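>>> model the following, please.
(chains A and B, ligands or ions: 4)
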Number of protein chains: 2
Amino acid sequence: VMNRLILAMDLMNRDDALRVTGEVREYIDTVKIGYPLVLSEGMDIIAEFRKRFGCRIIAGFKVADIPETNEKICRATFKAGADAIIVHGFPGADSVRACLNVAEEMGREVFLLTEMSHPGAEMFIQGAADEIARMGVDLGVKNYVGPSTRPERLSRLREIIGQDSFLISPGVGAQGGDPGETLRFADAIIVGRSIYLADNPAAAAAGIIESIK
Amino acid sequence: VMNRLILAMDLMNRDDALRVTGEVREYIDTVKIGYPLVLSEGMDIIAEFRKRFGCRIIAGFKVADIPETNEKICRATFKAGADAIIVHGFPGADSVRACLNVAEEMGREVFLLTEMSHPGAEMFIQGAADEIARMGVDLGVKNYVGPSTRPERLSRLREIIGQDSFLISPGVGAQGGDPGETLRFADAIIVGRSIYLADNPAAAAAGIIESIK
Ligand SMILES: O=c1ccn([C@@H]2O[C@H](COP(=O)(O)O)[C@@H](O)[C@H]2O)c(=O)[nH]1
Ligand SMILES: O=c1ccn([C@@H]2O[C@H](COP(=O)(O)O)[C@@H](O)[C@H]2O)c(=O)[nH]1
Ligand SMILES: [Cl-]
Ligand SMILES: [Cl-]
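Numbers count the residues shown, from 1 in each chain, chains lettered A, B, ... in the order given. Ligands and ions are numbered 1, 2, ... in the order given. There you are, the coordinates:
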């Protein structure tokens, strides 16, 4: 990932989303598109981003359904052009495998979300996170998502998945996570609001990159 | 809910989804639309269903993001016409409250998904399900989703939420759940494939209703 920086484009209208992404295109080559934008503008927005920016697209859908439905969601998502999809690990191994099956068939990637970055994650997710990470390792998952907001937890996750695995981390900026500290364990950071809500997105992205040069 | 039967419309193309729903419209007044259909045809499909069938629409999105993103997803979904949205409880209380806030503002409903119906749910969700249910009760949640595939678990969930709460349950038919047994605890059953994949959807729906009379 270019500059170890992934833009979380959660604006909800195409003009703004495309405008802001364009303002920071020189600093990134990977964009995470989620439901706020997709539900507001349609799945065709993914193809629009790929054609306009020639960027990698990670669908931050955090799939969390039964196996059969997970397969359908992944199929629809990859057909739309997504290079990868983020899947929740809490629902179990069968639900994860369903996503892996479609990813293998279509030559795409799966990112396993272990622990989440928000406060509520401490209630149920945190206690299962280490086991969810191990589950991913046992199934050969190579891409993971961990919390920037809890460096020691992110560090433990890194220990479990190993140095070879790819780890990205949200929660940098708006949620309180620090770019540099997070990159001690993650290969790339996910940044949304700190950039897309900034007075000048380009300066914001440049500032982040400057602090981690 | 008419006939205590909610149709899970997970077909992935407009023509088929509308045709099948039309075939069983005389037996239902509530349809659950999820990502397989919405990602394939766009969120406008929700409005299409409401105007063509005058039915209640439950968005089976199982929202499972951080609070801020959950708010955006719920807002986009309710603006699209959804009467209710299904929210995952495992991400915690703040993520649930975010959904409740938007539902309150827009005069819509939130259904809290406690334990899931597939095998993988036993790995992490099951052990947290009773507490997730209690969390919902403590926050005043009145609508819940529990597994048809585990009658005793569904029964325990009913005990926790009380007779007052509304409980719907997926996993009937394709996943092995029995309509009658499930309705001993749930107010309504969610049925997808057993109906929409049937040679004769209308006959399939009638058959289910027959054994429930
Ligand atoms: O544990 C997680 C999983 C997903 N995200 C997502 O990552 C982005 C973080 O954006 P922001 O807080 O930098 O604005 C959003 O798209 C959000 O939905 C998190 O924040 N935390
Ligand atoms: O625990 C859960 C939560 C959601 N669903 C959803 O309920 C429907 C069940 O459909 P079917 O198995 O009758 O086809 C699908 O939309 C599915 O995604 C489950 O099956 N189990
Ligand atoms: Cl995400
Ligand atoms: Cl659902």
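>>> pick out the residue in chain A sitting closest to ligand 3.
residue A:60 (2.8 Å; CB to the ion). Every C-beta, even on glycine, is put in place using the N, C-alpha and C of the backbone.
>>> and that residue, what does it touch?
Going by CB atoms under 8 Å, 6 or more residues apart in numbering or on different chains, residue A:60 touches A:8, A:32-35, A:86.
>>> can you tell me which of those residues is nearest ligand 4?
Of these, the one sitting nearest to ligand 4 (CB to the ion) turns out to be residue A:35, at 14.5 Å.
>>> so the closest one makes contact with residue B:73?
Yes: applying CB atoms under 8 Å, one finds residue A:35 in contact with residue B:73, separated by 4.9 Å.
>>> just to revisit the earlier point, run me through the strand neighbours of the helix or strand hosting the residue of chain A closest to ligand 3, direction for each.
Using DSSP states H and E, residue A:60 sits within strand A:56-63. Using DSSP bridges, the strands paired with strand A:56-63 are strand A:30-33 (parallel), strand A:84-88 (parallel).
>>> how about residue A:145: what's its closest non-neighbour residue?
With sequence-adjacent residues excluded and distances taken as CB to CB, 6 or more residues apart in numbering or on different chains, residue A:145 is closest to residue A:113, at 4.3 Å.
>>> quick check: residues of chain A near ligand 3?
Residues of chain A found near ligand 3 (CB under 5 Å from the ion) are A:60, A:86.
>>> what about the strands in chain A?
A:5-9, A:30-33, A:56-63, A:84-88, A:109-113, A:143-145, A:166-169, A:188-191 (DSSP state E).
>>> for those strands, give me CSV that also has distance to ligand 1.
Formatted as CSV, those follow (distance: least, CB to the nearest ligand atom, whole Å):
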stretch, distance to ligand 1
strand A:5-9, 4
strand A:30-33, 6
strand A:56-63, 5
strand A:84-88, 7
strand A:109-113, 6
strand A:143-145, 6
strand A:166-169, 8
strand A:188-191, 5
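>>> in TSV: these, plus distance to ligand 4.
Formatted as TSV, the strands of chain A follow (distance: least, CB to the ion, whole Å):
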stretch	distance to ligand 4
strand A:5-9	25
strand A:30-33	22
strand A:56-63	12
strand A:84-88	14
strand A:109-113	19
strand A:143-145	23
strand A:166-169	27
strand A:188-191	26
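>>> nearest to residue B:127, of those strands?
strand A:84-88 (16.0 Å; CB to CB).
>>> run the contact check for that closest one versus ligand 2.
No: for strand A:84-88, no contact with ligand 2 is found by CB under 6 Å from any ligand atom; the gap never falls below 12.6 Å.
>>> what inclination does that strand have with respect to strand A:109-113?
Interaxial angle, strand A:84-88 versus strand A:109-113 (axes from the mean of the first three to the mean of the last three CA atoms, to 10 degrees): 30 degrees.
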